[PDB]
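Asks: A single structure is presented below for examination.
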Amino acid sequence: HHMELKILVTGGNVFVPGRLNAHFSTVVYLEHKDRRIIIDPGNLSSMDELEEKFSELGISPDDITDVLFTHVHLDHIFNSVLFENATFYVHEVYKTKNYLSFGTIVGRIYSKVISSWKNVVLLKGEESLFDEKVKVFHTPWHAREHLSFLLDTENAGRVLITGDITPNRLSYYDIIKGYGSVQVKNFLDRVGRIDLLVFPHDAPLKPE
Amino acid sequence: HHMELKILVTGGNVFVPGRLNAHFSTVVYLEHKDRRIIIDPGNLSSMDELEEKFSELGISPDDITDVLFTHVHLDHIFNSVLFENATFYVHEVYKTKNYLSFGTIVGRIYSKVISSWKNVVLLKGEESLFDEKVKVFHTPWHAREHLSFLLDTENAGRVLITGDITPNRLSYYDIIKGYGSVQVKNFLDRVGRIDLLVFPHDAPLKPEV
Amino acid sequence: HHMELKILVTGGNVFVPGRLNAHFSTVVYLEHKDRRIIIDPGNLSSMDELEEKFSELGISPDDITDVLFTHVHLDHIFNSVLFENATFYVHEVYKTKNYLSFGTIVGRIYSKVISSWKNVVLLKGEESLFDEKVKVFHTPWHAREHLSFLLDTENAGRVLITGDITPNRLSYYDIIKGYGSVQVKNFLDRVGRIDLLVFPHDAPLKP
Amino acid sequence: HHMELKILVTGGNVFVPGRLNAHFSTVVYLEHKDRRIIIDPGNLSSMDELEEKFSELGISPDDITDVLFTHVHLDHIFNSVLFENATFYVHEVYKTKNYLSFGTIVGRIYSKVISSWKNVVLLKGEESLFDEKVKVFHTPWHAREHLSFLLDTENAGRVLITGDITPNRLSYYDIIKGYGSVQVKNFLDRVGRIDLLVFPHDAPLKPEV
Ligand code: NI
Ligand code: NI
Ligand code: NI
Ligand code: NI
Ligand code: NI
Ligand code: NI
Ligand code: NI
Ligand code: NI
């Protein structure tokens, strides 16, 4: 039973201080057996791209069975409100944050999104999920609850969903050049040879 | 009892076909007597600006008493989900649209936003609200439920919230130059002399003499 | 001799009053005989998409022979600076505008772009260009120099490059619904049956 | 003779892979004696904001005497084409990069911008400029030519223009939390107590005690 990967959205940034916040994460779709899995469902601003991709795939949001989060930042999780039948997976320490302290307005939005998750599995890191096709790593070098996911796929080989420990190619290159996070560098060394790096705010890359 | 206007957000556009939709409306705040009124609460992408402005004003979303919509487009209405204590005002023909036919995904979002409105006043056009400080016009030259609002303010004089019949200054200039919508031009002629045009996707403008 | 169309970039809008102006036009590429033609070269913010498309096509900006402008707005014309070997086509009345009056900063950028056009063909409207494959219409319902182009293509049929008289699909729908520009509506009636509408700030549409 | 700081633009990001690149840096303006100084003139997309700030200041691009670059990335340097009378300052090792190899189109744009700089001062790091009001640091943890600038200002105290070694507040917080660049962290330790951090793609921040 093979796991197939599709990148529904490659993420990016839209940010003007005090005026515009439309960051949007990469959205990863996986099919394995009877599971239809999303990692980082993304932000509202990706709605038209997702509409198009769901239509190509012949599926509805109602068919998504499992949704995993690298972390609890709105630009990665907002679209979670679409998936009423999914089980949601997230690192347990997210429960130690007071999201209502994020600002009157912003906190209310986090709270409404988070409250919509009716079935939640809390992770610790090191789990291997979906018949060992998905390995979970606790990678708290961005947010305390941050996770990265290593995927054993048929069509794309061994794929690392980095999350925001490496938001884009430049951040990855900074690690290679030796002046980035020592923790992230050590983590990448631990993971070892992979076929594809899937960043949250850039197009993916085959490591050199 | 004077009505005071503050423009919390001047709107704009962020659109890349097939990739990015982050249009965001102008957000207008009005204080009159014990009412705290918003016209077009805007889009999620304005959340940091709104945070700042609410903080300057010393208010919370819970203090908003009334929210009016030019029309039912997400970039104007999304933030309506923040105002749990407000009465919502919208043109009655919005009920004749099937929002779930807007796309599986996009329809679901519209439906969830619209369902959050627990107290709704249905407008027809021509209403004079808030002790005659707000005049409602049915201006369906964009969407069937579209409304424009004329405000009698103390601090900004006579202010027309156009909505999307004139999204920005260039669209207004096209009317003035004679090659824009005949219906919108007629409407502006009807309204007559005003002090300020507040567009949904641009900075406001003092009109030509 | 057939004319082939490729849409290199579908345009859009990025605009925050007082803070951000990154509007970018649709960029149309046409090959006909030995001509490599661009209509509305676009804005700086399309640079990565253009790099990718030029690389797919196996061409350089040096190989572009002809560049036509719907009108002289920066989000349509900026990338003209890349095409040093091209002949530029533009409506003659652009010369009657004082671009340095656009603002000290913005005027300077217009002036620098416009000064880079070394070979210019001035159009009036109604011209048929490239062995009658491109018909030029003067459509001054946005800017006095504004042009629209009707293209007789092999791969996409009859294609109207609207320019900013209809920036996107919504503006076209407003005309269909009867409350948009009467002049644009009459223009579209005059053009008649076409296979594709190519807007400057949206994906194209089969009418 | 005091040096006055004005932040003309706070920078940001606009990036959609394969479709849109409109990153734009913070733009810093300094007045000292007869000098009108820009650090990182920014990107084309800031043109309306710059227009408005230049108008407020009562100056033209022709009045800018000095322009310094944190580094040679288009979103920081593009607007350099506006300043015909300026001396440009940049780390010498930029000359070792082949900008034509950045891609046919992108390389062309870099080359045209860089060619417009008629008077250039090549920096090495550790220079003290403008009567010692500006200290230059070689901070190559982003690009080989990358510089940061420490400013002694009258109106904002001691200000660090970080450049892209810390693009925004989150990158700075990562350093404070202990999992960011060791080199950047050691650099901030070396700089010591300052009043303001000016990031290239975010609003500035008063540092942590
Ligand atoms: Ni994050
Ligand atoms: Ni992120
Ligand atoms: Ni609308
Ligand atoms: Ni709108
Ligand atoms: Ni235009
Ligand atoms: Ni345009
Ligand atoms: Ni950089
Ligand atoms: Ni930068």
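All residue names refer to the structure tokens as shown: chains lettered A, B, ... in order, residues numbered from 1 in each chain, ligands numbered from 1 in order.
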For residue 32 in chain D, find every residue with an atom within 9 Å (counting only C-alpha atoms), except residues of its own chain fewer than 2 positions away, and show them as an MDAnalysis selection string.
Replies: chainID D and resid 1:4 30 34:37 130 133
Asks: Residues at most 12 Å from ligand 6, using only C-alpha atoms and all ligand atoms? Could they come as a ChimeraX atom specification?
Replies: /B:170 /C:10-15,21-27,40-43,69-78,142-143,146,162-168,199-202
Asks: Which protein, DNA or RNA residues have an atom within 12 Å of ligand 3, counting only C-alpha atoms and all ligand atoms, as a PDB file with C-alpha atoms, in the first residue's frame?
Replies:
ATOM      1  CA  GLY B  11      -8.756  48.844   1.599  1.00  0.00           C
ATOM      2  CA  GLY B  12      -6.798  47.406  -1.253  1.00  0.00           C
ATOM      3  CA  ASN B  13      -6.241  44.375  -3.459  1.00  0.00           C
ATOM      4  CA  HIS B  23      -8.575  41.461  -1.199  1.00  0.00           C
ATOM      5  CA  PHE B  24      -9.473  43.555   1.827  1.00  0.00           C
ATOM      6  CA  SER B  25     -12.093  46.250   2.230  1.00  0.00           C
ATOM      7  CA  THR B  26     -11.943  49.619   3.837  1.00  0.00           C
ATOM      8  CA  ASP B  40     -17.728  46.565   6.146  1.00  0.00           C
ATOM      9  CA  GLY B  42     -13.183  43.696   6.313  1.00  0.00           C
ATOM     10  CA  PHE B  69     -22.529  45.536   4.869  1.00  0.00           C
ATOM     11  CA  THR B  70     -22.299  47.152   1.445  1.00  0.00           C
ATOM     12  CA  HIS B  71     -22.596  43.618   0.149  1.00  0.00           C
ATOM     13  CA  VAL B  72     -21.931  39.972   0.882  1.00  0.00           C
ATOM     14  CA  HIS B  73     -18.403  39.486  -0.464  1.00  0.00           C
ATOM     15  CA  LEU B  74     -15.863  37.833   1.788  1.00  0.00           C
ATOM     16  CA  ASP B  75     -13.284  40.635   1.627  1.00  0.00           C
ATOM     17  CA  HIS B  76     -15.927  42.953   3.159  1.00  0.00           C
ATOM     18  CA  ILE B  77     -17.692  40.643   5.611  1.00  0.00           C
ATOM     19  CA  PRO B 140     -27.116  46.997  -7.318  1.00  0.00           C
ATOM     20  CA  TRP B 141     -24.386  47.729  -9.935  1.00  0.00           C
ATOM     21  CA  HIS B 142     -21.967  45.077  -8.702  1.00  0.00           C
ATOM     22  CA  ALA B 143     -24.136  42.629  -6.776  1.00  0.00           C
ATOM     23  CA  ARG B 144     -27.923  42.416  -6.396  1.00  0.00           C
ATOM     24  CA  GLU B 145     -27.766  43.124  -2.635  1.00  0.00           C
ATOM     25  CA  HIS B 146     -25.312  45.991  -2.911  1.00  0.00           C
ATOM     26  CA  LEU B 147     -25.780  49.053  -0.697  1.00  0.00           C
ATOM     27  CA  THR B 162     -19.582  53.878  -2.070  1.00  0.00           C
ATOM     28  CA  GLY B 163     -18.926  50.160  -1.778  1.00  0.00           C
ATOM     29  CA  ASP B 164     -17.845  48.261  -4.855  1.00  0.00           C
ATOM     30  CA  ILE B 165     -19.820  50.257  -7.427  1.00  0.00           C
ATOM     31  CA  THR B 166     -16.621  52.388  -7.400  1.00  0.00           C
ATOM     32  CA  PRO B 167     -13.880  50.253  -5.916  1.00  0.00           C
ATOM     33  CA  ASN B 168     -11.125  52.853  -6.178  1.00  0.00           C
ATOM     34  CA  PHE B 199     -13.943  53.729  -1.578  1.00  0.00           C
ATOM     35  CA  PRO B 200     -13.690  50.082  -0.457  1.00  0.00           C
ATOM     36  CA  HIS B 201     -10.264  49.421  -2.088  1.00  0.00           C
TER      37      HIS B 201
ATOM     38  CA  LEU C 170     -15.839  40.934 -12.922  1.00  0.00           C
ATOM     39  CA  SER C 171     -15.540  44.078 -15.027  1.00  0.00           C
ATOM     40  CA  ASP C 174     -20.617  44.027 -15.264  1.00  0.00           C
TER      41      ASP C 174
END
Asks: Considering only C-alpha atoms, tabulate each residue of chain D that lies at most 8 Å from chain A along with its nearest interatomic pair and the corresponding distance in Å to one decimal; arrange the rows by chain and ascending residue number and present them as a tab-separated table.
Replies:
residue	atom	partner	partner_atom	distance
D:10	CA	A:17	CA	6.9
D:11	CA	A:16	CA	7.0
D:12	CA	A:16	CA	5.0
D:13	CA	A:15	CA	5.1
D:14	CA	A:14	CA	4.4
D:15	CA	A:13	CA	5.1
D:16	CA	A:12	CA	5.0
D:17	CA	A:202	CA	6.0
D:141	CA	A:179	CA	6.0
D:142	CA	A:174	CA	6.7
D:174	CA	A:142	CA	6.7
D:179	CA	A:181	CA	5.6
D:180	CA	A:181	CA	4.7
D:181	CA	A:180	CA	4.7
D:182	CA	A:179	CA	7.0
D:183	CA	A:179	CA	6.4
D:202	CA	A:17	CA	6.0
D:203	CA	A:17	CA	6.0
Asks: Using the selection just defined, write its residues with C-alpha atoms as a JSON list (two decimals), in the first residue's frame.
Replies:
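The result, written out as out00.json:
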[["chain", "number", "residue", "atom", "x", "y", "z"],
["D", 10, "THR", "CA", 9.12, 49.82, 7.00],
["D", 11, "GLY", "CA", 9.79, 46.84, 4.78],
["D", 12, "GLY", "CA", 7.90, 43.66, 4.12],
["D", 13, "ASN", "CA", 7.47, 40.66, 1.89],
["D", 14, "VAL", "CA", 5.33, 39.85, -1.05],
["D", 15, "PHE", "CA", 6.18, 36.53, -2.61],
["D", 16, "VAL", "CA", 4.27, 33.88, -4.42],
["D", 17, "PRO", "CA", 6.62, 31.18, -5.83],
["D", 141, "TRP", "CA", 25.57, 35.79, 7.39],
["D", 142, "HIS", "CA", 23.20, 36.19, 4.48],
["D", 174, "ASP", "CA", 14.77, 33.13, 17.49],
["D", 179, "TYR", "CA", 18.25, 28.58, 18.41],
["D", 180, "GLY", "CA", 19.14, 31.20, 15.82],
["D", 181, "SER", "CA", 22.51, 31.99, 14.19],
["D", 182, "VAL", "CA", 25.39, 31.83, 16.62],
["D", 183, "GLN", "CA", 27.24, 34.39, 14.49],
["D", 202, "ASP", "CA", 9.45, 44.45, 9.58],
["D", 203, "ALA", "CA", 8.61, 47.36, 11.86]]
Asks: Run DSSP on the backbone and give me the residues of chain C it puts in strand (DSSP E or B), as a PyMOL selection string.
Replies: chain C and resi 3-9+12-16+20-21+24+27-32+35-39+66-68+87-91+120-123+128-129+134-138+147-153+157-161+196-198+205
Asks: Using only C-alpha atoms, find which residues of chain C lie within 7 Å of chain D and jot them down as a ChimeraX atom specification.
Replies: /C:18-22,45-49,51,60,103-106
Asks: At a cut-off of 12 Å, using only C-alpha atoms, what residues contact residue 121 in chain A? Leave out same-chain residues fewer than 3 positions from it and give the result as an MDAnalysis selection string.
Replies: chainID A and resid 66:69 86:92 94 117:118 124 127 129
Asks: Within 12 Å of residue 115 in chain A, counting only C-alpha atoms, which residues qualify if same-chain residues fewer than 3 places away don't, as a ChimeraX atom specification?
Replies: /A:77-78,80-81,84,88,95,99,107-112,118-120
Asks: Write out as JSON, numbers by chain the set of residues from chain B that DSSP, computed on the backbone, places in helix (DSSP H, G or I).
Replies: {"B": [44, 45, 46, 47, 48, 49, 50, 51, 52, 53, 54, 55, 56, 57, 61, 62, 63, 74, 75, 76, 77, 78, 79, 80, 81, 82, 92, 93, 94, 95, 96, 99, 100, 101, 102, 104, 105, 106, 107, 108, 109, 110, 111, 112, 113, 114, 115, 163, 164, 165, 169, 170, 171, 172, 173, 174, 175, 176, 182, 183, 184, 185, 186, 187, 188, 189, 190, 191]}
Asks: Could you tell me which of C:129, C:154, C:140, C:112 comes closest to ligand 5 if we count only C-alpha atoms and all ligand atoms?
Replies: C:140
Asks: For ligand 1, which residue among A:154, A:195, A:189, A:40 is the nearest when counting only C-alpha atoms and all ligand atoms?
Replies: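 So, comparing all the options, the nearest one is A:40.
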Asks: Name all residues at most 9 Å from residue 121 in chain D (count only C-alpha atoms; drop same-chain ones fewer than 5 positions away) and give them as JSON, numbers by chain.
Replies: {"D": [87, 88, 89, 90, 91, 92]}
Asks: How would the residues just chosen look if you wrote them out with N, CA and C atoms as a PDB file, in the first residue's frame?
Replies:
ATOM      1  N   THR D  87      26.709  59.491  -3.803  1.00  0.00           N
ATOM      2  CA  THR D  87      27.794  58.538  -3.700  1.00  0.00           C
ATOM      3  C   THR D  87      27.199  57.285  -3.087  1.00  0.00           C
ATOM      4  N   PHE D  88      27.549  56.140  -3.668  1.00  0.00           N
ATOM      5  CA  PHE D  88      27.073  54.851  -3.230  1.00  0.00           C
ATOM      6  C   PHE D  88      28.118  54.113  -2.439  1.00  0.00           C
ATOM      7  N   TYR D  89      27.698  53.447  -1.352  1.00  0.00           N
ATOM      8  CA  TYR D  89      28.636  52.736  -0.459  1.00  0.00           C
ATOM      9  C   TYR D  89      28.194  51.300  -0.342  1.00  0.00           C
ATOM     10  N   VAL D  90      29.142  50.398  -0.536  1.00  0.00           N
ATOM     11  CA  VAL D  90      28.862  48.969  -0.620  1.00  0.00           C
ATOM     12  C   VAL D  90      30.150  48.213  -0.285  1.00  0.00           C
ATOM     13  N   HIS D  91      30.014  47.024   0.300  1.00  0.00           N
ATOM     14  CA  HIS D  91      31.175  46.206   0.620  1.00  0.00           C
ATOM     15  C   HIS D  91      31.866  45.734  -0.647  1.00  0.00           C
ATOM     16  N   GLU D  92      33.194  45.832  -0.647  1.00  0.00           N
ATOM     17  CA  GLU D  92      34.015  45.564  -1.828  1.00  0.00           C
ATOM     18  C   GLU D  92      33.813  44.185  -2.466  1.00  0.00           C
TER      19      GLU D  92
END
Asks: Could you list, as a list in words, every residue within 9 Å of range 185-195 of chain C, counting only C-alpha atoms and ignoring same-chain residues fewer than 4 positions away?
Replies: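 Once the adjacent positions are removed, what remains is residues 139, 150, 156, 157, 158, 159, 160, 172, 175, 176, 178, 180, 181, 205, 206 and 207 of chain C.
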Asks: Would you save the residues of that selection, restricted to C-alpha atoms, as a short mmCIF file (atom, residue, chain, number, x, y, z; two decimals), in the first residue's frame?
Replies:
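What ended up in selection_35.cif:
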data_model
loop_
_atom_site.label_atom_id
_atom_site.label_comp_id
_atom_site.auth_asym_id
_atom_site.auth_seq_id
_atom_site.Cartn_x
_atom_site.Cartn_y
_atom_site.Cartn_z
CA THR C 139 -10.13 52.20 -26.93
CA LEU C 150 -7.48 41.52 -31.84
CA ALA C 156 -6.24 29.95 -29.58
CA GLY C 157 -8.41 31.24 -32.42
CA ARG C 158 -9.56 34.84 -32.34
CA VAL C 159 -8.25 36.55 -29.24
CA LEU C 160 -8.96 39.98 -27.81
CA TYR C 172 -16.52 42.06 -18.11
CA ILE C 175 -20.77 44.97 -18.98
CA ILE C 176 -22.75 41.79 -19.76
CA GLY C 178 -25.87 45.95 -18.46
CA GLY C 180 -20.82 48.81 -17.09
CA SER C 181 -19.35 51.20 -19.67
CA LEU C 205 -12.02 33.78 -20.38
CA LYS C 206 -13.91 32.10 -23.23
CA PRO C 207 -16.87 34.55 -23.80
#
Asks: Report the distance between CA of residue 61 in chain A and CA of residue 98 in chain A in Å, rounded to one decimal place.
Replies: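 So the two atoms, CA of residue 61 in chain A and CA of residue 98 in chain A, lie 28.8 Å apart.
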Asks: What is the CA of residue 96 in chain D-CA of residue 122 in chain D distance in Å, reported with one decimal?
Replies: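 Here the two named atoms are 12.4 Å from each other.
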Asks: In Å, rounded to a single decimal, give me how far CA of residue 198 in chain A is from CA of residue 166 in chain A.
Replies: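 Separation of CA of residue 166 in chain A and CA of residue 198 in chain A: 9.4 Å.
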Asks: Which of these, B:158, B:6, B:78, B:38, has the shortest distance to ligand 4 once you count only C-alpha atoms and all ligand atoms?
Replies: B:78
Asks: Taking only C-alpha atoms and all ligand atoms into account, report as a VMD selection string which residues have an atom no farther than 9 Å from an atom of ligand 1.
Replies: chain A and resid 25 70 to 76 142 to 143 146 163 to 165 167 200
Asks: Which of these, C:117, C:83, C:141, C:110, has the shortest distance to ligand 5 once you count only C-alpha atoms and all ligand atoms?
Replies: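 When distances to ligand 5 are compared using only C-alpha atoms and all ligand atoms, the smallest one comes from C:141.
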Asks: Could you check the closest approach to ligand 2 for each of A:43, A:176, A:38, A:97 and tell me which residue wins, using only C-alpha atoms and all ligand atoms?
Replies: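 Ranking A:43, A:176, A:38, A:97 by distance to ligand 2, first place goes to A:43.
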